[PDB]
Amino acid sequence: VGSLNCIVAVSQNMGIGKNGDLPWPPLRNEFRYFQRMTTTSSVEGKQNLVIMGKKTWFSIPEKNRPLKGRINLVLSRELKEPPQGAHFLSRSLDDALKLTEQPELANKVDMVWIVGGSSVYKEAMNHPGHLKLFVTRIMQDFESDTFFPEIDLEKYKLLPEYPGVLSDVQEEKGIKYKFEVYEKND
Ligand SMILES: NC(=O)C1=CN([C@@H]2O[C@H](COP(=O)(O)OP(=O)(O)OC[C@H]3O[C@@H](n4cnc5c(N)ncnc54)[C@H](OP(=O)(O)O)[C@@H]3O)[C@@H](O)[C@H]2O)C=CC1
Ligand SMILES: COc1ccccc1/C(=C/c1coc2nc(N)nc(N)c12)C1CC1
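Analysis parameters
- Residues numbered from 1 in each chain as written, not as in the entry; some residues may be left out.
- Chains lettered and ligands numbered in written order.
- Heavy atoms only, no water.
- Salt bridge = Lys/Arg side-chain N within 4 Å of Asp/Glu carboxyl O.
- Helix = DSSP H or I, 4+ residues; strand = E, 2+ residues; numbered from the N terminus.
- Buried < 20%, exposed > 50% of the residue type's maximum accessible area, 1.4 Å probe, protein only.
- Contact = heavy atoms within 4.5 Å.
- Near = heavy atom within 4 Å.
- Polar contact = N/O pair within 3.5 Å; in protein donor to acceptor, adjacent residues only side chain to side chain.
- Areas by Shrake-Rupley, 256 points an atom, 1.4 Å probe, with all protein chains shown as cover.
- Nonpolar A, V, L, I, M, F, W, Y, C, P; charged D, E, K, R; others polar.

This entry lists X-ray crystallography as its structure determination method and reports a resolution of 1.70 Å.

This is the structure we're talking about:
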């Protein structure tokens, strides 16, 4: 298996969701960037794996489930099998990463992408080893009820450039945002 990564878009007040949707209006090209980053695999004959919590899975409209061209794994202790449209179910992040090493996936998975929500990001961000965060800073406050965990900059280094990531300020629907990549290795 290849690298472990988290990807998120977050407002200035650290918001990532409100009432199971976006705190902000849809940002079409920001979403395109999410699709591109999570779908594109460096390794021939492999797909990337996305790992998400149960609330995040059900926040994807029923017609957009699963995220196409990626292997979709949901984290839940309540569910007894993968939800309709999902491919895998694990009871913990540790278990999901272990699964990625089993016969069924060990040869099929390139990058792994944690795509929410707050508790899955927090566990991933605190997991020892090499990990990158791809963070879109939406540069306005938006009312939220779910928040991105603290990024400890003693460990996470903001990279000065990254291939395939635009470095200038973006704007859609009057909302400015910018892309960042952070890397730790501990
Ligand atoms: N980039 C962005 O702005 C993103 C925004 N979002 C937003 O965030 C919100 C949803 O996120 P959030 O509320 O945090 O919820 P989660 O997706 O993380 O879902 C929480 C549920 O998933 C399960 N879960 C989470 N972590 C684990 C774990 N380690 N092991 C097993 N099960 C786990 C639990 O389910 P159970 O009870 O079944 O055990 C828990 O109740 C929405 O607003 C959505 O729009 C989501 C992703 C990205
Ligand atoms: C309601 O949100 C969606 C609806 C349909 C399909 C995918 C999504 C998702 C989006 C983003 C997750 O991390 C993200 N990170 C970035 N920078 N942007 C995003 N847009 C997501 C998350 C998985 C539920």
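There's plenty left to go through after this.
Draft legend 1. Structural view of the pattern of salt bridges. Throughout the structure, instances matching the rule amount to six salt bridges. In this structure, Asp95 engages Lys98 in a salt bridge whose closest nitrogen and oxygen atoms are separated by 2.7 Å. One end of the pair, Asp95, and the other, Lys98, are both in helix 3 (residues 93–100), three residues apart, so they sit about a helical turn from each other. By relative accessible area, which is 33% here, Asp95 ends up partly exposed. By relative accessible area, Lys98 is classed as partly exposed at 48%.

Draft legend 2. Fine view of the environment of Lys46. With respect to the secondary-structure elements, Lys46 resides in the loop between helix 1 (28–39) and strand 3 (47–53). In the structure, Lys46 is positioned 60 residues away from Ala106 in sequence and 10.0 Å away in space, judged by C-alpha atoms. In contact with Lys46, other than residues within four places in its own chain, are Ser41, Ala106, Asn107, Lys108, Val109 and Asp110.

Draft legend 3. How the structure looks around the site of ligand 2. In the vicinity of ligand 2 there are 15 residues, among which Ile7, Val8, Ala9, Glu30 and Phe34 approach most closely. Contacts to ligand 2 include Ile7, whose backbone N or O atom sits 3.4 Å from an oxygen atom. Between a nitrogen atom of ligand 2 and a side-chain N or O atom of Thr136, the distance comes to 3.4 Å. Taken by itself ligand 2 offers 510 Å² of open surface, and the protein chains cover 87% of this. Sorting the residues of the shell around ligand 2 by element identifies strand 1 (4–10) and helix 1 as the ones contributing at least two each. For the shell around ligand 2, the class distribution of residues is 11 nonpolar, three polar and one charged.

Draft legend 4. Up close: the environment of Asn29. Its place among the elements puts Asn29 in helix 1. Those residues in contact with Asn29 that sit more than four places away from it in its chain are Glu172 and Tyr177.

Draft legend 5. Seen up close, unusual backbone geometry. The omega angle of the peptide bond from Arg65 to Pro66 is -5°, so this bond is cis rather than trans. Take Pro66: it is sitting in the loop between helix 2 (54–58) and strand 4 (71–75). The omega torsion of the bond from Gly116 to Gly117 falls at 0°, within 30 degrees of zero and hence cis. Within the secondary structure layout, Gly117 lies in the loop between strand 6 (109–114) and helix 4 (118–125). Phi is positive for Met14, close to 80°, though the residue is something other than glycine. Looking at the element boundaries, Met14 is found in the loop between strand 1 and strand 2 (15–17). You will see that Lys173, though not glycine, has its phi angle at about 55°, which is positive. In this structure, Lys173 sits in the loop between strand 10 (170–172) and strand 11 (175–185).

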